[PDB]
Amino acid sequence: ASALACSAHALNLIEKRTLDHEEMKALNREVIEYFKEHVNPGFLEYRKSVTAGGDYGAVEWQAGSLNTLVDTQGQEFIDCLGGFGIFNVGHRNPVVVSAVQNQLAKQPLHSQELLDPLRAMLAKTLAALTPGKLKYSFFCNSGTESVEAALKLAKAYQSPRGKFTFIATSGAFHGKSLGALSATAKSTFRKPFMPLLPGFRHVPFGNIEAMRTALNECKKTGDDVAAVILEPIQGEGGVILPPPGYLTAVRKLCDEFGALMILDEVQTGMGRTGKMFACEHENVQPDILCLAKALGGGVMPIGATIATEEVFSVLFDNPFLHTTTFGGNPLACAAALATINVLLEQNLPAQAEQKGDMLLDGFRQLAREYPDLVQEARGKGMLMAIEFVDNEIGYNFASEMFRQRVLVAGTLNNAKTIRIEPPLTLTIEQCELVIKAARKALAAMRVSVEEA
C-alpha cells in the first residue's frame, strides 16, 4: 500500500464536503483500523470506557454551528468539552476563520528573518491586554512550549543571582514536555520519565503556609527558589479554586523572597473564567504569564509567554538564546488577533460569568437531588466540573451524556471528575438543554444502580 496512494486517498477525502452511508461505513472502518495500527490502540480502549456500544468509534467530521460538532454519521453534539479549553469563541468562528483565510492568501508562514508585522501587532495588542508591567511577548505553538519558555526566562534571570529551585503545586498540570513536566504534578505522568529537571518541588495548592515553608527552608539550605509556578485555578486537577486572596498572597510571598511568579493561564486564560485573565479577579500581576489553547481562536495552534521588561530583557543581548521555528507565524497571529477582538467586541468574558453562574446553579441543584451519584459541583465562569462519588459513575455520566449528543470528558489529574467547558458562545437555550441532558443522565444512572 504505497505512500503516494495513501496521501492521494487522504487528499480525496479532505475534499469531500459530505459523506453518504457507504462512504461513512468505510471511513469509520479505516480510522478505527489505523488507530489500532498506527496511532494508539489504547485510545480505542479508552473511548470504550466512557461510551456505550458503537459510540466508542465515533469519528469527528466537522463543525455544525458555533457550539456544535458533527460526526461522520451526521449526528450533532452540543459541545460541553470545548476541546479541553480551546474553543472559547466557538467552532469555526466567522471573524477568526476570516482573519486566517485573509492571511493565508498573503503568507501563512514567515521566513523568520525579515520583520514580520503580525508578530509585532499581536505583541503590541498583548502588552495592552495584560496587567501592569507585562510588556514583552514570546510566541510558540502550545501550552507546554509556553511553560518551557517561562521556565527558561526564569532560569536565565535567576541563574546569575544564585537561584535554581522551582516551586510548583500538587494537582498542577503545566504540559508534558520534559521541562514543563518537571512542574506538572501527576505521579503517573512523571515517574516513567525520571530523572526530570533537578530542583523542582511541590507544595499543596491553596496553602500559603506550606509554600512559605518551602521558600524559607530552601533559603536556609542554600537552595533558594528561583520561581513559583501555578495555575490560578487548577484545570486537570478537577477545577480546584484556591481560597480568596491566595493569589495575592503568593504574589507577596514571591516579592518577599525575590522569587519570580509564573502564572499558567493556558486553561483559565482568554476570558473563560469570567474575566480575560483569571489573575484579574484578585488583580494580581505575575512576572511571567503563560497563554495558549483558546488564544488561537479554535482555529490555529499558538502559545504566548508574556513577561515584564525586567525579566524578558535576558533575551535582548542574544535574541537567539531562545527561539522557535514556527512560533508567531502569521496565520497563528491572525487567529490570535481575531480572537482577542471577538472576545472584547462581543463582551464574551462577561457572558462566561453569566452563563457559568446559570450552569453551575443548575449543576449544584442536580448535585442536591442526586447525592446518590454526585459528590459536588465546582466552577468559575465557564470553567466547571461535576465531581462524582466513584470513578465508574463519572464514566457512566460521560457515557449517558454522549448518548444524548452532549459532549463532555474527564480531567487528567482527577479520576472522579467530569469537566464542563463549553464555548463561551453557548446559547441560553443550549445551557438549558445541557442541564436538561445532565438531569436525564443522572436519572438513567440512578436507574442503572437499582438495575444492578
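Residue positions are given as counts along the sequence shown, with the first one as 1.
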Check: Given the B-factors recorded for C-alpha atoms, which segment has the greater mean, 343-351 or 253-261?
Finding: 343-351
Next item on the list: Return whichever of 112-120 and 209-217 has the greater mean Cα B factor according to the PDB record.
Entry: 112-120
Check: Taking the Cα B-factors listed in the entry, which of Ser137, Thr308, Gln73, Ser142 comes out highest?
Finding: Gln73
Item checked: Out of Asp287, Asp224, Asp357, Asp317, residue topping the C-alpha B-factor column of the entry -> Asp357
Check: C-alpha B factor of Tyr370, ranked within the chain: lowest, middle or highest third?
Finding: highest
Checklist line | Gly362, C-alpha B-factor rank within chain (lowest, middle or highest third) | finding: highest
Check: What third of its chain, lowest, middle or highest, does the C-alpha temperature factor of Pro422 fall into?
Finding: middle
Check: Compared with the other modelled residues in the chain, in which third is the CA B-factor of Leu104?
Finding: middle
Margin query: For the chain shown, is the CA B-factor of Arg403 in the lowest, middle or highest third of its modelled residues?
Written below: highest
